[PDB]
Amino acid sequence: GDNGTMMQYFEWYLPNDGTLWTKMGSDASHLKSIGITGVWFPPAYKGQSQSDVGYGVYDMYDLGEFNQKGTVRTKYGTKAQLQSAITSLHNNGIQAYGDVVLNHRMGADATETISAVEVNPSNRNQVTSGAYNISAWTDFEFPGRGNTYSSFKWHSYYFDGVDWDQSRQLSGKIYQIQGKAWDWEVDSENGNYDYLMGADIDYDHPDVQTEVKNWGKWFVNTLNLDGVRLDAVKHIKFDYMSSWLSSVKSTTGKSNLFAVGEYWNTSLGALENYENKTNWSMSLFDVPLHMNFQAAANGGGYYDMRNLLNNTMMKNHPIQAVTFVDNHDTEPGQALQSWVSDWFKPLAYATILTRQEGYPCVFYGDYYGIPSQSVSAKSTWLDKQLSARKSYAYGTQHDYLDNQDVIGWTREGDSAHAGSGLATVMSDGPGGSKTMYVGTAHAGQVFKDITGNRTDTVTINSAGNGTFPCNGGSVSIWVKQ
């Protein structure tokens, strides 16, 4: 009955030095000590170059094992290093979740000359040219792997489209391969959002349907995975992704394989439509809660803190909510830049770590810092919040989201976790106090601030109430001294 806590074990700007798998393995016992129970590791297969973060997917059967793209290792290291790291996580009781990129492929071995039409980038259902022959990056043969594990080769007729004609080099185009149709259902932004980048996989094609299930089975088996992080699920045929997840569970013996999808949309309704169309079979990153954390941070005291959880997965669908403050895309300089400022970050982490709703995900970029962007490591204060979650965030919750600035909640504690119970209080503005119910069983106990932000103590009265303060623009988490 211990709380679960995920860590995203990478950030965008890590050096291309083939050390991440070695570090992850060495970190396992430390991650266990701070309460991390699952690790999301980056795309572990060969990208279009050695330095690829992993999203520019070339060969999903090359886990840093084959001489392809001028390298054996990936950015992160070798197959054997990743396997050793997962053995070390499992030796420490930590789940391993592999990033799974199924939308597209990049770094084709060869061009193919194929018939295509242009479509409106704002309305991909609208054809805007006659048919003509383009030079497309659609031929994937993987000669460096030489058919090891899989003889499957990719050609144009397994893709729906590309955004580049190597023969004409025109910018701002999207090409639909002749005879192909955008997959459905996908997100309807730009009319049909199947196409994102690269060579867009055709999930209408039955050879592709079979092959990508076969790959999924091989990947989970090969690395003995507990779960998957599914990339760009709003751009992949909804009913196929649902079928893919059922198939891998059934074939790998991983009947309860954990799945969290990235459906990047700021409106809850989009995430609810996805869950509806995939039978509520997977969790989703709580993108709306991340936007709420950004709006509060960016409001400089004037945000209404009563609204912090509104229109979120965490409030509305907590079983399926993977809550986060920042990720590799929201960090400075990246594609979804929407960074939660240092001052607010502890309030955001206290929200996801001490509440009963959601599966929180700690960002590597927050814990260990982002030196290339002058982002300080936050591990010193994160370790105290993670202690709050590991040891104290148990039992019945009472919410006091009843002030524009000062909000809080309590956990009563449960018998399985000795000394458990807490009161979280926080302000986006001036400091304040909240009288909150931690439980009559705490009557006469003295509470301290496990964050160390406050050095005063709080005595629980006989009615099970304390008056819990915080500093301005700060959080305190009150536990039994």
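Quick note: we count residues from 1 along the sequence shown, nothing fancier.
Here the stretch with the larger average CA B-factor, out of 386-394 and 262-270, is 386-394. Look at the mean CA B-factor for 79-87 and for 230-238 in the entry; the higher one is 79-87. The entry lists C-alpha B-factors for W244, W381, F363, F140, and the highest of these is at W381. Between the residues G56, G64, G431, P43, it is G431 that shows the highest Cα B-factor in the PDB record. In this PDB entry, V425 carries a Cα temperature factor that places it within the highest third of its chain's modelled residues. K254: CA B factor lies in the highest third for its chain, per the PDB record. Ranked within its chain, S171 lands in the middle third, by CA B factor from the PDB record. Split the chain's modelled residues into thirds by C-alpha temperature factor. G439 is in the highest one. Among the modelled residues of its chain, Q68 has a C-alpha B-factor that falls in the lowest third according to the deposited record.
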